[PDB]
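Presented as structure tokens, the chain that follows is alone, the form solved without its partner chain.
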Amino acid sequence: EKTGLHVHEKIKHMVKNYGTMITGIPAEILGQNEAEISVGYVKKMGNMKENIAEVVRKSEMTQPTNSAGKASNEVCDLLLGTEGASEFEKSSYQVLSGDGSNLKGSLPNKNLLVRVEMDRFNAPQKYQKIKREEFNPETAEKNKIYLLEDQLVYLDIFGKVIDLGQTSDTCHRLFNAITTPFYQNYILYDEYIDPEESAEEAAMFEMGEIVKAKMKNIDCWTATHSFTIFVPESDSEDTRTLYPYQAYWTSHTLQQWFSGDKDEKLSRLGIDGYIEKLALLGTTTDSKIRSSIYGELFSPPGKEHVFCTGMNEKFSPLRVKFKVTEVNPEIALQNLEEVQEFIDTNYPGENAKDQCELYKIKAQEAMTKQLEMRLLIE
């Protein structure tokens, strides 16, 4: 039956069971592509046949992507169809308001797909004095202020050198006033600096005021995570439930998300409960709170309490952006049925596990033949 709840069950079952085969890439093509981008790693000395087997055994080629944006595009493609997804991609995002009300208020009882984009706020906290000959923008620390003898620049998060509109003489005065070794590479807005105490503190304070005014009306948000939320139509008001779908870059796949049942775990928060956490992620200014919620919502299953600690603590402000569109269950289930037909026609088996094994064996054989094509008896 073409209902939204069946769409959720079907997409979850297929992704959980078939992983990378959801993409519809024939195994022989997957292996030939992997061979082309792995041939440089085959050892050049010794038994070439065994050197090639080593590389094929170590290949990760049947693991699905962990790109969050690619998982979201796969979801939108399956649920909306290729043309409907391209229309969805063109529509605008809206920033989640303080309490999440604009998302809560935009979920009528229809089959709805929400696409979410998370942004991180970038603003410099550190400065360094540097000589021009030593300043290499392609290797220097990004999101940092650099004071040169004749220029004040901001090296942004993308690697652009942004001049901050200071005269050569003004920078010369700041450059030569900051003399203490510890203050050559330091933080911008020290709360203890007293501009009345020394010309060095006066210069550090003045540079801080210059940077602050130049960043005042600057909006440097950059995207940091992507996911989707499926909200099927329900018969009653209090049975309405949402199901977030995600991969996380370098962390986990959509298949692992479903295998760990984290879509169902988060659905038990309820629509109001989930959105309130998402909204608090944007309004909190406590990095421990921010990190804890980020982990609860977005970590790989079972890693909620370690995902955002230490080097991954969420120190910068975050914002949530979202867009909503309606899902036609007939379109979604037809797209999922065509993926199933590709799998069943080309990789038959008694169960999904056997079909995945067959797909993997055929990709490995194809990778072996393509590598031997390039390397065996030349």
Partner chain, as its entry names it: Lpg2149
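Positions refer to the first chain, counted from 1.
The form solved in complex with its partner chain exists for this protein as well; it is not shown, and the discussion that follows is about that form.
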{"item": "Listed range touching its partner chain, judged in the bound PDB entry by heavy atoms within 4.5 Å, from 263-271, 159-167, 236-244, 103-111", "value": "159-167"}
{"item": "Contact assignment for its partner chain in the bound PDB entry, among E338, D344, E330, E54, heavy atom within 4.5 Å", "value": "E338"}
{"item": "The single option of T82, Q94, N176, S91 touching its partner chain in the bound PDB entry, heavy atom within 4.5 Å", "value": "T82"}
{"item": "Distance check, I22 to its partner chain in the bound PDB entry, heavy atom within 4.5 Å", "value": "yes"}
{"item": "is_contact(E326, its partner chain) in the bound PDB entry, heavy atom dist at most 4.5 Å", "value": "no"}
{"item": "Any non-hydrogen atom of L78 within 4.5 angstroms of its partner chain in the bound PDB entry", "value": "yes"}
{"item": "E138: touches its partner chain in the bound PDB entry, heavy atom cutoff 4.5 angstroms", "value": "yes"}
{"item": "In the bound PDB entry: members of 16-34 within 4.5 Å of its partner chain, any heavy atom", "value": "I22, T23, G24, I25, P26, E28, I29, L30, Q32, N33"}
